[PDB]
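These are the residues of each chain, in order.
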Amino acid sequence: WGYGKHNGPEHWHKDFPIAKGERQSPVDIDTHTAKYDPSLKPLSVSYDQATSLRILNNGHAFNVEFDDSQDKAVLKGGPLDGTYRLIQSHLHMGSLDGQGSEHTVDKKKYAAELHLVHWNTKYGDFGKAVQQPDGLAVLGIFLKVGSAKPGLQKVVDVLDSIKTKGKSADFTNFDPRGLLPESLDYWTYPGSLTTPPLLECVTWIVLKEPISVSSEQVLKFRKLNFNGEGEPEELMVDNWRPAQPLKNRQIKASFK
Ligand SMILES: [Zn+2]
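Its PDB header names X-ray crystallography as the technique used to obtain the model and reports a resolution of 1.5 Å.

1. Overview of the pairing of strand β12 (residues 186-191)
Counted residue by residue, β12 has 5 buried out of 6 residues, so it is predominantly covered. Relative to strand β15 (residues 252-253), β12 is paired through 2 bridges, and the arrangement is antiparallel. Bridge pairing in β15 links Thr188 to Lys252.

2. What about the layout of surface pockets?
The calculated volume of the largest pocket comes to roughly 500 Å³. Lining the largest pocket are 24 residues, with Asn58, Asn63, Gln88, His90 and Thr195 sitting closest to its centre. Of all the secondary structure elements, the ones that give two or more residues to the lining of the largest pocket are β4 (52-57), β5 (62-66), β7 (84-93) and β9 (112-120). In terms of residue count, the dominant contributor to the lining of the largest pocket is β7 (4 residues). Class assignment for the residues of the lining of the largest pocket results in 13 nonpolar, 10 polar and 1 charged.

Each value, and the rule that gives it
Residues numbered from 1 in each chain as written, not as in the entry; some residues may be left out. Heavy atoms only, no water. Buried < 20%, exposed > 50% of the residue type's maximum accessible area, 1.4 Å probe, protein only. Helix = DSSP H or I, 4+ residues; strand = E, 2+ residues; numbered from the N terminus. Pairing = 2+ DSSP bridges. 1 Å grid on protein atoms, 1.4 Å probe; cavity = no way out; pocket = protein on both sides within 12 Å on 5 of 7 lines; lining within 4 Å. Points joined across faces, edges and corners; volume = space filled by probe spheres on them. Nonpolar A, V, L, I, M, F, W, Y, C, P; charged D, E, K, R; others polar.

Structure follows, in structure tokens:
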């Protein structure tokens, strides 16, 4: 599966029928219908002890793996019940500044969207968590082109080391705190993974405020390859799934 004409989003349902499920992601966040929820508790992002291990190219998107052997970096509060441990992060990138994000806000697309994946520790490990409706908590962060982002420059400098699929590079200083916007205002709704297996095990927390990255940083990420070494080049761009049917789910806002 991929994002091509012959293996893209419109084809996924054949191997993964849940693609046509009731709580699929991403979705368009319609601010005219999204509703403020006073029952939501304050969002708690504890990343001060976060510990990244490596960056990888799995042929689908730029990825970061984190040490989830302990509660070093966790997400709590908001719509969440319990503790969710950070395990990985990946980047969905567009081929043009006007596109790239999976979620949209009033149909508006951002240049890219970062996902920070966490699993509910009541389940023992990621593998078991992904099989439960409340197994994962994914924080979505929109990226727009503008001022460069320092917390991303160190990664951008070594992207050439993971240009093709199957490549990985040790990276112990990827601090997720440096990818967060100033405000933690967010929208939340029950959804799924946006790539096969497309399991509907995700509580989505999409931040309202995008972060800025420079055109140069964006360009570097767009130079990654979908293909493996020695294969015809296929730039890793537009690796995003379009908005899916809301199916009457309720999108809640953390702000009035
Ligand atoms: Zn994702």
